Amino acid sequence: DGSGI
Amino acid sequence: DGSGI
Amino acid sequence: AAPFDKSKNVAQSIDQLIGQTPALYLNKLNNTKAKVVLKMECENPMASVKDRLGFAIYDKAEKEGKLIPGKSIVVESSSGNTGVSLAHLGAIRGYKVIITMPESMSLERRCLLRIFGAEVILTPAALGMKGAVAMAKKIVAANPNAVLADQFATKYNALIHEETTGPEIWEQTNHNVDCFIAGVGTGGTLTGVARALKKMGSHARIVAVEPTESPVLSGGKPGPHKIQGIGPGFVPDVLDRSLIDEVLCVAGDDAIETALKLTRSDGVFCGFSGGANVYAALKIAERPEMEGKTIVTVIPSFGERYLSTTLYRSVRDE
Amino acid sequence: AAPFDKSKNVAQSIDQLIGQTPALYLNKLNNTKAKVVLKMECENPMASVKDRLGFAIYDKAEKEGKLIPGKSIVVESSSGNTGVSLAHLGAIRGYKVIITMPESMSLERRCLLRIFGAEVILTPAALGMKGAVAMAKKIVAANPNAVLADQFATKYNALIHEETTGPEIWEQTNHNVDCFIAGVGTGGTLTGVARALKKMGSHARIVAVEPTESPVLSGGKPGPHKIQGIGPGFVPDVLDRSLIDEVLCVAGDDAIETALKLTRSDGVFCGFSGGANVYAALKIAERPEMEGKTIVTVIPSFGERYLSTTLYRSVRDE
Ligand code: NA
Ligand code: NA
């Protein structure tokens, strides 16, 4: 995470 | 600066 | 993406410096009898693998007629490197970029995107990443010129890695790969490299890495995890699961520990997913069958973007 | 430093990925009739030109017998990139590294060095950089195994740039340089490149850049200035002033403004000295005599290390 992407 | 180097 | 000779020619634009990244053997940290090769995607111009995806979206969508500079607006929800790469290349190429992310994200994340002139839309903290995803969809639904970058589904993502990342690895390893390991975020890197290797006749085993705390490929429940850059909580349409020989789960704490050991042992300075990929590579390299074999993995992003994160929090009290 | 084929081979250690950096034409930001080439030293493994100096100190001092791994202790006073590069390469190579700097320096500066395991000694804030310099000297005087990296005087600094940076530029520009411009910190980059160019028979003009607020080469008084990485406040022993055709002063605010314009126009993301060098290059490129000529300058460091600094403070209120 976060979406982290 | 600082010395910054 | 035709091989462009960088150490020897002058580029016309910074996007020619994307990809064609170095490869490095893991040394001190590798105590096994297998060779471990790191594909150094941290060395891309904006410091992560997503520079390849960004370029493929602009280049390929423009060539197909889907993106028109000065008119198309590129939208994506991202609190990580895909936003960065889209904002960097959209600035140069004359596209307005809108990135959505929750308001509770760090100043560093918002600031880097605003430096390249992207519009950052901050969505309510209590709605999490889903609120940012919903806002990006709403923008694209409402505006005929707005298009989603669509990182988890775009056909451009696996393709760019089949056309560039994989053939680079093949050349660098002298056509000798026994195992390719990579954490799956969008799945583009693993899918595109696995395709390239298979077409070249490689019998490499293909291994997907995911967080132990969000073992979705394995069959478990999505959940929150530490390993920024992978583990989306769903199976992305980009990922071709038929190519995978093994899903290996790595715990967030093993990824963190490995990242810090790598900086001191080998001088490789990366994010959480580079520590997960190396932890995985070292696990496979311990298997007795891998003696004298070549395992290739990826260092997806450079460490400096993580100074403000949890990743290096231990360094303080050491 | 023998040409090593990176896009095509696997390195044995990350120090083989230092230097052999790309070169990039300035595009949107260049509205003149001259060509401006940026030598992208921001693309070194630890994101600045000082990676070359770091490597030259370890490699050359070891080969001369002056540094002994596991015994020699490398000391330097630095709140900038020389500390970073010394801490990164000392970790890998088995040297204890001590970097001194004032206690009022940012967490980011201290943290990056501690990640690579360097000892950071913080000196009293009211004593400034002189207090840190004095502490490094005291350590080297007191301890027979401690040696100063000596960045402003070491013979290794101009040499590495004569052996690598300059010949790279010469190959990349197809043996065609009319002007080489670089801000002087230690002076190694300008000195070593100017030597290489002259030995190759180039009639390039050599131009040193310094801060308008610390115009020491020009003949003015040292003073505090904004342009991190240059303007040491004295003439470094490394610098060979006999090689310089022109000292061009750039104001700290012109450097700052240029850095931000460069990110949006060309996608080049750099520190204050890259904005000074480009501001200078654009000034020379405006001179009518430079029509159709090639001006080469340097982007010394990548921008991400400056997010916490003054450099991009404007982005907030935009
Ligand atoms: Na639309
Ligand atoms: Na000594």
Side-chain angles (χ1 to χ4, degrees), chain C residues 54 57-58 60-78 82-83 86-87 89-90 93-101 118-121 123 131-157 237, chain D residues 54 57-58 60-78 82-83 86-87 89-90 93-101 118-121 123 131-157 237:
Chain C
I57 291 169
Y58 288 111
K60 298 178 187 311
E62 286 186 69
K63 285 176 174 169
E64 258 182 56
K66 309 178 173 170
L67 279 181
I68 301 153
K71 187 138 161 280
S72 307
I73 294 156
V74 167
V75 186
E76 189 51 280
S77 54
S78 181
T82 294
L86 290 173
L89 301 163
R93 304 174 155 251
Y95 289 97
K96 180 174 182 168
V97 181
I98 294 176
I99 295 306
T100 62
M101 58 178 81
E119 179 177 5
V120 181
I121 292 173
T123 51
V133 167
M135 176 63 55
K137 288 177 176 170
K138 163 65 176 175
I139 292 166
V140 169
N143 299 286
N145 292 138
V147 299
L148 204 75
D150 206 8
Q151 63 174 324
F152 294 105
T154 180
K155 52 181 184 175
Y156 302 136
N157 190 340
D237 284 348
Chain D
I57 291 169
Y58 288 111
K60 298 178 187 311
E62 286 186 69
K63 285 176 174 169
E64 258 182 56
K66 309 178 173 170
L67 279 181
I68 301 153
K71 187 138 161 280
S72 307
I73 294 156
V74 167
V75 186
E76 189 51 280
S77 54
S78 181
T82 294
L86 290 173
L89 301 163
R93 304 174 155 251
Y95 289 97
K96 180 174 182 168
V97 181
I98 294 176
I99 295 306
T100 62
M101 58 178 81
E119 179 177 5
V120 181
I121 292 173
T123 51
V133 167
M135 176 63 55
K137 288 177 176 170
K138 163 65 176 175
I139 292 166
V140 169
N143 299 286
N145 292 138
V147 299
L148 204 75
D150 206 8
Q151 63 174 324
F152 294 105
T154 180
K155 52 181 184 175
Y156 302 136
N157 190 340
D237 284 348

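Order of appearance sets the numbers: ligands from 1, and atoms from 1 within every ligand. Note on naming: letters A, B, ... go to the chains in the order of the sequence lines (proteins, then strands), and numbering restarts at 1 for each one.
Residues passing the side-chain hydrogen bond (donor to acceptor under 3.5 Å, both in side chains) test with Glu62(C) are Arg93(C), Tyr95(C), sequence neighbours excluded. Partners of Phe152(C) according to the ring pair (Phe, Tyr, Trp, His ring centres under 6.0 Å) rule, which considers only residues two or more places apart in sequence or in another chain, are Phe234(C). With sequence neighbours excluded, the residues that form a salt bridge (charged side-chain N to carboxylate O under 4.0 Å, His left out) with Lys60(D) are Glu163(D).
For the Na ion (ligand 2), the count of nearby protein N, O or S atoms, meaning those under 3.0 Å away, is 3.
With hydrogens and angles disregarded, no donor-acceptor distance shorter than 3.5 Å links the side chain of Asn145(D) to the backbone of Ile73(D). For the pair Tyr156(D) (side chain) and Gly54(D) (backbone), a donor-acceptor distance under 3.5 Å is absent.
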*Given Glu76(D) and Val74(D), is the side-chain contact (heavy atoms from CB on, under 4.5 Å) satisfied, shown in steps?*
CA-CA 7 Å; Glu76(D) 189 51 280; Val74(D) 167; 5.6 Å; no

